[PDB]
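Shown next, in structure tokens, is the structure this report addresses.
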Amino acid sequence: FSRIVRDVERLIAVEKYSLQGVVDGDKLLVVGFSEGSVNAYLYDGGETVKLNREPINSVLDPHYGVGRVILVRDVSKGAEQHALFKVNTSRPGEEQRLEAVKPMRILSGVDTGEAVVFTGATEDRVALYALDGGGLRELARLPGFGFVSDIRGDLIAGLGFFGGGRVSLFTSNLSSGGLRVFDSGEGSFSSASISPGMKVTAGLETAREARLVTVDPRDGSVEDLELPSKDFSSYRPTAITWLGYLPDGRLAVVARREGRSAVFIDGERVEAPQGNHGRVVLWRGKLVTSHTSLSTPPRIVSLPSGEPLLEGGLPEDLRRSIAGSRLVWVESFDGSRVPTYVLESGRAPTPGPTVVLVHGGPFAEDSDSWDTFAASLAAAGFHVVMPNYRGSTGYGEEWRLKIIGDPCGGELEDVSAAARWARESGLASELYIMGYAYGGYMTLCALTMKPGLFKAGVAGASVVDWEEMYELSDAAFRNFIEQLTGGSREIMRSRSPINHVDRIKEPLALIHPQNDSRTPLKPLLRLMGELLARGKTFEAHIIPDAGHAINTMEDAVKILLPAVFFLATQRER
Amino acid sequence: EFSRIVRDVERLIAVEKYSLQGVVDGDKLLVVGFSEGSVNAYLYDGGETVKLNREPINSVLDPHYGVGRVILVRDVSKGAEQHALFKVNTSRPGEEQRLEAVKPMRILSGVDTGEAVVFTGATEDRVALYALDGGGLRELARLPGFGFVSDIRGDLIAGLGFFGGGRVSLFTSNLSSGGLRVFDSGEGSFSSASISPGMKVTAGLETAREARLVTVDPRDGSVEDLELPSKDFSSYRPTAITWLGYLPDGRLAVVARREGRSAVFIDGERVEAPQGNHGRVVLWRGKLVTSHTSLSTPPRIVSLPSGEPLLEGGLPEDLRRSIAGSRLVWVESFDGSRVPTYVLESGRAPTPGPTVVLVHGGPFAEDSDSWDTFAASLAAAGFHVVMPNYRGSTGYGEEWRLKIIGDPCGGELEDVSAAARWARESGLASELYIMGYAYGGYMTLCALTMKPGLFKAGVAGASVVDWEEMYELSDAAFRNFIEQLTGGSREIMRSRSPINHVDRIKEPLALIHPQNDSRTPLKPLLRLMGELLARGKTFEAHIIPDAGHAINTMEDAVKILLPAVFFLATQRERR
């Protein structure tokens with residue numbers, strides 16, 4: 001119990017870095033989980049220079065060598081009403097609030113140096129904004145979640161979750177605003193970047209593969225892009241993580257298959273460390289990207305050598321607690337094969353205690369990437385099983401869109417099949433389910449719809465009721481709920497665990513930040529009322545002055561520690 | 001270094017603790033002990049203990065001397081305190097037989113004579129006195145409220161009853177025919193009872209001033225002062241009487257206290273005992289034996305007069321050193337009253353330093369020279385601890401105790417607030433917190449609603465939230481107890497409930513609650529959370545599974561205490 005705490009504390013404390021871009025001539029801009037919280041840093045050598053004062057949540061994407069940085073900070077104690085703060089790179093530590101932009105949920109943004117363009121959600125709308133020297137302007141209204149991808153001159157390109165689970169491309173004008181929307185009949189756009197020729201290069205994920213295409217925003221036309229080298233085409237990428245034009249004109253692309261990515265410059269393979277990679281930037285003539293894996297916390301590395309510029313050195317004893325890792329393909333209820341990542345604990349027997357750690361989203365994936373949750377479970381003596389249920393990214397448009405109109409249906413059958421495989425393959429002596437957000441939704445759905453499958457369940461920041469959640473949701477989240485549920489109230493009611501509490505038979509632990517604005521605490525209080533009234537065994541932990549997105553190490557401990565305690569308790573007994 | 005906090009709390013909780021219950025199986029001590037992770041019943045005969053029970057229990061019934069069995073009381077409702085009784089033959093330890101004739105109810109007390117199991121129990125509809133012998137179960141009498149079997153000699157059953165206005169009556173009944181006679185004092189309340197050889201009832205009588213021994217005839221209701229051969233007891237001038245009882249050789253053992261410290265007396269004569277507080281006294285192989293505790297000493301069984309231990313859970317030395325000292329101080333309250341207040345200085349804090357006013361529950365209880373796991377763990381975590389005997393407290397006379405009646409969230413709160421003011425002005429306290437369990441948790445909520453700005457933050461465990469809703473969910477015993485404390489008026493039940501004043505809260509609050517608590521139920525607490533949320537208040541909450549008001553595993557104790565200490569350490573890091 002005391003050893004558990006120090007392992008959790010040390011795993012959360014280890015330093016983690018995302019690469020954001022290039023600023024102040026030729027210094028890398030990094031977001032860093034270091035020294036207590038997410039902070040923004042500069043790197044040119046060399047030691048790090050803290051730009052921000054109090055903890056932040058992210059930064060807007062800078063154009064190359066711009067001379068300032070836009071911090072995004074929650075000013076609502078976790079409810080994700082963000083304000084924007086500008087920091088001049090010459091005077092690090094001094095912040096100026098952008099008063100023209102009122103508190104809203106900031107979803108993304110790019111800073112061109114003259115203009116701050118971003119997307120934001122309020123109660124009454126989702127919209128695309130521009131803030132320049134002549135004030136703030138609303139450029140266009142969006143149907144739902146929308147993300148600024150790139151700006152070149154007056155052209156703004158982006159990605160829109162505007163209907164049916166599909167991702168559109170959208171453009172606008174920096175000066176006159178407006179909105180054009182381009183929808184593919186084959187699938188969904190994953191990334192975007194404006195070429196020198198003012199077309200929009202974009203990753204197009206279709207049924208069971210992916211490729212590069214070129215969209216003309218002037219007449220909506222689209223054609224396949226062929227690159228100088230044939231390494232990208234011959235890689236057979238099933239998904240595209242990110243793309244972007246370097247300042248020297250070359251197209252950097254990161255693509256993946258089976259939970260592992262690969263870098264490509266003008267179509268040609270560039271050798272990077274095994275795992276997954278983030279955006280790519282040009283720094284002092286050399287290539288630089290982020291790297292992570294199941295055995296490697298996020299870091300900044302050079303390519304092609306793979307030498308680290310900013311690595312949080314994980315301790316060796318914590319490294320040894322992960323005995324191994326495999327990708328396996330679990331047969332589900334309908335013959336589909338569910339790609340599933342597996343960690344064996346070195347501190348567990350085989351067979352042994354096993355947790356099916358269900359990812360959120362649901363448009364996300366378990367990949368060869370660092371997972372603090374999974375890591376701490378392995379240290380605590382649990383094998384970890386992580387199924388990419390249908391709805392997951394990274395295995396094609398067909399697999400991803402299968403969840404639409406069918407929450408608590410096909411995807412739950414995949415999670416259940418992963419649990420059955422862990423038993424039958426010989427890895428699992430007992431089985432638990434654990435998850436955060438949509439993962440926590442899956443915990444609740446497993447315990448109500450599939451009683452007896454798991455021994456116990458952990459449900460964090462969970463979806464409880466589609467109906468009441470929609471009532472408390474802003475414009476962005478109302479729309480996203482419509483898409484996933486197909487818009488029918490029959491689905492919203494029947495697929496909500498709050499309506500099936502009488503069926504629960506196994507211990508349940510609930511963990512929830514009090515000011516969560518995505519999955520709100522209110523319906524969870526009602527769930528507790530139901531569990532109490534129906535004599536069900538449950539545990540609950542509500543975290544103060546915190547929301548869905550953790551940005552301190554104190555808050556991370558508060559949402560992860562009770563979960564590991566709870567599962568170690570159930571194992572003892 | 002929250003990992004160090006965990007292993008201090010774990011180790012403090014883990015230290016074995018023992019209450020003395022009686023003598024059985026000829027001449028073997030029967031002990032209840034927090035041990036091996038749970039509350040269990042044991043035998044002791046000079047060597048290793050012998051576990052009688054299988055799964056964890058909550059208590060045992062008082063055995064007559066040398067009886068050849070033991071009656072375990074076990075919650076069979078995952079903490080809601082619907083108990084069933086299990087009999088264990090002392091020859092075959094580990095084999096239990098359920099007493100099916102007694103349906104699940106809240107078991108409040110009981111004595112086993114060997115032929116008959118007599119007990120008090122509360123159900124939804126009533127509180128009553130029962131007898132279970134070889135010819136089945138009988139209801140002997142119905143009680144107005146909480147009632148406790150004190151002693152049985154032959155056909156006579158004597159006991160104590162909280163039957164009206166905060167006062168404690170004496171009641172009798174007959175084992176064979178039942179019935180009920182009730183005797184009330186015009187001077188005060190009876191605290192303990194035992195039937196003499198002469199079939200009268202010897203009883204402690206706590207008045208406004210001193211406490212003293214009296215002799216009640218149950219046949220005509222008459223009273224008189226009991227004079228003893230030795231006058232150490234009279235000259236001790238006790239302000240309260242903890243326990244009394246006749247030993248098998250006829251001598252009257254009495255434990256009496258003043259200013260939070262007790263003393264043993266055999267036939268009026270002082271018998272030396274370790275400094276602190278003592279439980280019941282028994283005669284074991286010709287020698288005297290009682291329980292002992294103190295602020296530096298977890299409950300243990302010791303011999304007298306030497307004070308040598310038969311069953312001590314050794315409190316580690318490093319944990320001992322974490323308590324730098326202790327005082328009794330007298331805090332001036334809002335009306336000139338003096339509030340006797342126990343104080344622990346932490347060796348791991350500065351002076352002035354972070355300080356927690358740890359408010360006891362009951363409210364008919366007291367902070368005394370006695371082991372307190374909460375207070376101890378706070379000191380280890382680097383907080384000074386201040387523990388005020390607010391009005392309503394036991395141990396300082398009937399007048400002080402009855403002042404709370406009809407006035408919850410009133411005078412008593414002013415005492416707790418005065419203790420906080422004293423910790424500041426005296427120089428002990430750089431910052432102030434409030435923490436409490438049950439009525440203590442009620443006081444946390446009342447301090448943060450009615451006295452915003454006094455404390456920096458508050459911890460509220462198993463707390464009273466709403467007198468009105470609690471009454472609706474309460475069984476017969478608790479409905480009556482609520483009527484007594486609030487004077488029965490609906491205006492007091494509403495106005496003195498913190499749920500009606502949530503808009504006034506400004507400081508961080510941590511709520512901790514066992515889910516199946518049947519004394520202070522979870523339901524109104526869920527509503528409290530609904531109010532805190534809707535009014536934008538900062539709060540934290542921890543609900544514990546398959547647990548109730550009375551903790552009986554070490555896992556459950558950790559879940560109820562660990563989040564509190566973490567929370568206060570977090571607020572201290574906040575400066």
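Please note that chains go A, B, ... in the order of the structure tokens, that every chain numbers its residues from 1, and that ligands are numbered from 1 in the order shown.
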- Message: Applying 10 Å and only C-alpha atoms, which residues near residue 162 of chain B remain after dropping the ones on its own chain fewer than 4 positions away? List them as a list in words.
- Response: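 The residues satisfying every condition are residues 143, 144, 145, 146, 147, 148, 166, 167, 168, 169, 170, 189, 190, 477, 480, 481 and 484 of chain B.
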- Query: What's the 8 Å shell around residue 55 of chain A, counting only C-alpha atoms, without same-chain residues fewer than 4 positions away, as a list in words?
  - Reply: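 Surrounding residues, per the criterion: residues 37, 38, 39, 73, 551 and 552 of chain A.
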- Query: Quick one: which residues from chain A are at most 7 Å off chain B, using only C-alpha atoms, as an MDAnalysis selection string?
  - Reply: chainID A and resid 2 5:6 525 537:545
Could those residues be written to a file, using C-alpha atoms, as a compact mmCIF listing (two decimals), in the first residue's frame?
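Output below, filename again_22.txt:
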# COMPACT_ATOMS: atom_id res chain seq x y z
CA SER A 2 2.83 2.42 0.86
CA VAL A 5 1.88 5.06 -3.52
CA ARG A 6 5.58 5.66 -4.22
CA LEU A 525 -24.68 11.70 -8.01
CA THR A 537 -21.88 -2.37 -3.22
CA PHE A 538 -20.05 0.77 -4.37
CA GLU A 539 -17.13 3.09 -3.66
CA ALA A 540 -16.79 6.74 -4.71
CA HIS A 541 -14.11 9.42 -4.87
CA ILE A 542 -14.85 12.99 -5.91
CA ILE A 543 -11.87 15.27 -6.59
CA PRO A 544 -12.01 18.99 -5.71
CA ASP A 545 -11.26 21.93 -8.00
- Task: List every residue of segment 223-427 of chain A that DSSP, applied to the backbone, labels as strand (DSSP E), and write the result as a PyMOL selection string.
- Result: chain A and resi 223-224+239-245+251-257+260-265+268-270+276-283+286-293+296-303+308-310+322-331+337-345+352-358+383-387
- Out of B:373, B:207, B:343, B:368, which residue has the shortest atom-to-atom distance to residue 262 of chain B when counting only C-alpha atoms?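 The shortest atom-to-atom distance to residue 262 of chain B comes from B:368.
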- Query: So which residues of segment 404-484 of chain A fall under alpha helix (DSSP H) by DSSP, listed as JSON, numbers by chain?
  - Reply: {"A": [410, 411, 412, 413, 414, 415, 416, 417, 418, 419, 420, 421, 422, 423, 424, 425, 438, 439, 440, 441, 442, 443, 444, 445, 446, 447, 448, 449, 466, 467, 468, 469, 470, 471, 475, 476, 477, 478, 479, 480, 481, 482, 483, 484]}
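Every protein, DNA or RNA residue with an atom at most 8 Å from segment 379-383 of chain A, where only C-alpha atoms count and chain neighbours fewer than 3 positions away do not, is listed here: residues 4, 7, 318, 321, 322, 342, 343, 344, 345, 346, 347, 348, 352, 353, 354, 355, 375, 376, 427, 428, 564 and 568 of chain A.
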Selection export as a JSON list (two decimals), in the first residue's frame, atoms kept: N, CA and C atoms:
[["chain", "number", "residue", "atom", "x", "y", "z"],
["A", 4, "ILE", "N", 2.89, 0.95, -3.20],
["A", 4, "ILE", "CA", 1.99, 1.33, -4.29],
["A", 4, "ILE", "C", 2.04, 2.84, -4.53],
["A", 7, "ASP", "N", 5.32, 4.15, -6.11],
["A", 7, "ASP", "CA", 5.38, 3.74, -7.50],
["A", 7, "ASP", "C", 4.49, 4.62, -8.37],
["A", 318, "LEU", "N", 11.39, 0.56, -12.26],
["A", 318, "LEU", "CA", 10.06, 0.70, -12.84],
["A", 318, "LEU", "C", 9.98, 0.13, -14.27],
["A", 321, "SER", "N", 9.41, -3.70, -14.15],
["A", 321, "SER", "CA", 8.06, -4.10, -13.76],
["A", 321, "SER", "C", 7.18, -4.45, -14.97],
["A", 322, "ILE", "N", 7.62, -4.05, -16.16],
["A", 322, "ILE", "CA", 7.00, -4.48, -17.42],
["A", 322, "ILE", "C", 7.83, -5.61, -18.02],
["A", 342, "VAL", "N", -1.06, -5.94, -25.09],
["A", 342, "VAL", "CA", -0.95, -6.71, -23.85],
["A", 342, "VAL", "C", 0.36, -6.45, -23.13],
["A", 343, "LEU", "N", 0.26, -6.06, -21.86],
["A", 343, "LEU", "CA", 1.41, -5.96, -20.97],
["A", 343, "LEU", "C", 1.38, -7.10, -19.96],
["A", 344, "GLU", "N", 2.48, -7.84, -19.86],
["A", 344, "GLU", "CA", 2.66, -8.79, -18.77],
["A", 344, "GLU", "C", 3.41, -8.08, -17.65],
["A", 345, "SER", "N", 2.96, -8.28, -16.42],
["A", 345, "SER", "CA", 3.65, -7.74, -15.26],
["A", 345, "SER", "C", 4.75, -8.70, -14.82],
["A", 346, "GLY", "N", 5.92, -8.16, -14.50],
["A", 346, "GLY", "CA", 7.01, -8.94, -13.94],
["A", 346, "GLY", "C", 6.79, -9.23, -12.47],
["A", 347, "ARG", "N", 5.85, -8.50, -11.88],
["A", 347, "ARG", "CA", 5.50, -8.65, -10.47],
["A", 347, "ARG", "C", 4.19, -9.44, -10.29],
["A", 348, "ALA", "N", 3.77, -10.13, -11.35],
["A", 348, "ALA", "CA", 2.61, -11.02, -11.29],
["A", 348, "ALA", "C", 2.99, -12.42, -11.76],
["A", 352, "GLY", "N", -2.34, -14.79, -13.92],
["A", 352, "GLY", "CA", -2.39, -13.84, -12.82],
["A", 352, "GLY", "C", -3.42, -12.75, -12.97],
["A", 353, "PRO", "N", -3.54, -11.92, -11.94],
["A", 353, "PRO", "CA", -4.48, -10.80, -11.94],
["A", 353, "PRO", "C", -4.36, -9.99, -13.21],
["A", 354, "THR", "N", -5.49, -9.73, -13.86],
["A", 354, "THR", "CA", -5.50, -9.06, -15.15],
["A", 354, "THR", "C", -6.60, -8.01, -15.21],
["A", 355, "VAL", "N", -6.26, -6.84, -15.72],
["A", 355, "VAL", "CA", -7.20, -5.75, -15.88],
["A", 355, "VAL", "C", -7.36, -5.45, -17.36],
["A", 375, "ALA", "N", 0.98, 1.39, -16.91],
["A", 375, "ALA", "CA", 2.28, 1.22, -16.27],
["A", 375, "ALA", "C", 2.17, 1.00, -14.76],
["A", 376, "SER", "N", 1.34, 1.81, -14.10],
["A", 376, "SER", "CA", 1.17, 1.70, -12.65],
["A", 376, "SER", "C", 0.47, 0.40, -12.26],
["A", 427, "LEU", "N", -3.37, -16.24, -19.73],
["A", 427, "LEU", "CA", -2.80, -15.07, -19.06],
["A", 427, "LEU", "C", -3.49, -14.70, -17.74],
["A", 428, "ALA", "N", -4.79, -15.00, -17.63],
["A", 428, "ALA", "CA", -5.62, -14.41, -16.58],
["A", 428, "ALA", "C", -6.21, -15.42, -15.59],
["A", 564, "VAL", "N", -6.03, 2.01, -8.06],
["A", 564, "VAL", "CA", -5.06, 0.93, -7.85],
["A", 564, "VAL", "C", -5.23, 0.32, -6.46],
["A", 568, "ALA", "N", -6.20, -3.65, -5.86],
["A", 568, "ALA", "CA", -5.30, -4.43, -5.00],
["A", 568, "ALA", "C", -6.07, -4.99, -3.81]]
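Counting only C-alpha atoms, the residue from B:21, B:59, B:571, B:173 that sits nearest to residue 280 of chain B is B:21.
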